[PDB]
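Quick heads-up: it's one chain on its own, the form deposited without the DNA, in C-alpha cells.
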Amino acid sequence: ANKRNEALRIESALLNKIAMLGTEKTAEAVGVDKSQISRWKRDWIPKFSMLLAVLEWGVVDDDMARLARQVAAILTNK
C-alpha cells in the first residue's frame, strides 16, 4: 500500500536525480564503472529506495514541507 507506493516514490526521485546530474557524473562522482552502475539501478536502487520509505523519510520531507510552506502561510496570508 503506502510503504510500497512511497518507496517506489523514492525510487523515482532517485532515478530522476541521477538523470539530472548525469548518469555518468552520478557514477564517477560515486564509483561503479559505466557497465556495473546503470543495470545496478535495475536491481539495487529499488531495494534501498524502500528503505528510505521505511524511515518515513517522507513525513520528515513532507512535514519539513508541510510546516515549511505552512509558515510560508503567515507570509501568504497572515
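Shifts are known only where both forms have a C-alpha. Throughout, we count residues from 1 along the sequence that is shown. Whichever C-alpha set is largest while still superposing within 1.5 Å between the two forms counts as the rigid core.
Although not depicted, the form solved in complex with the DNA is the subject of the following passage.
Student: Indicate whether the DNA has at least one heavy atom within 4.5 Å of a heavy atom of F48 in the bound PDB entry.
Tutor: It does not: once the DNA is placed as it appears in the bound PDB entry, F48 has no heavy atom within 4.5 Å of it.
Student: I'd like to know if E24 sits close to the DNA in the bound PDB entry, meaning any non-hydrogen atom pair within 4.5 angstroms.
Tutor: Within the cut-off, so yes.
Student: Would you mind checking 26-44 for residues with a heavy atom within 4.5 Å of the DNA in the bound PDB entry?
Tutor: Residues within 4.5 Å: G31, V32, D33, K34, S35, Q36, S38, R39, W40, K41, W44.
Student: Picking from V54, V60, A13, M20, which residue has its CA shift by 2 Å or more between the shown form and the other one, once the rigid core of the two forms is superposed?
Tutor: It is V60.
Student: Answer with closer or farther for the CA-CA spacing of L67 and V54 in the bound PDB entry compared to the shown form; it moves by 3 Å or more.
Tutor: Residues converge in the bound PDB entry, at least 3 Å closer.
Student: Given that the CA-CA distance for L67 and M20 shifts by 3 Å or more in the bound PDB entry, does it become closer or farther?
Tutor: Compared with the shown chain, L67-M20 is farther in the bound PDB entry.
Student: Return the sequence-ordered list of stretches, each of 3 or more consecutive shared residues, in which all C-alpha shifts are 2 angstroms or more between the shown form and the other one following rigid core superposition.
Tutor: Moving stretches, in sequence order: 34-37, 57-78.
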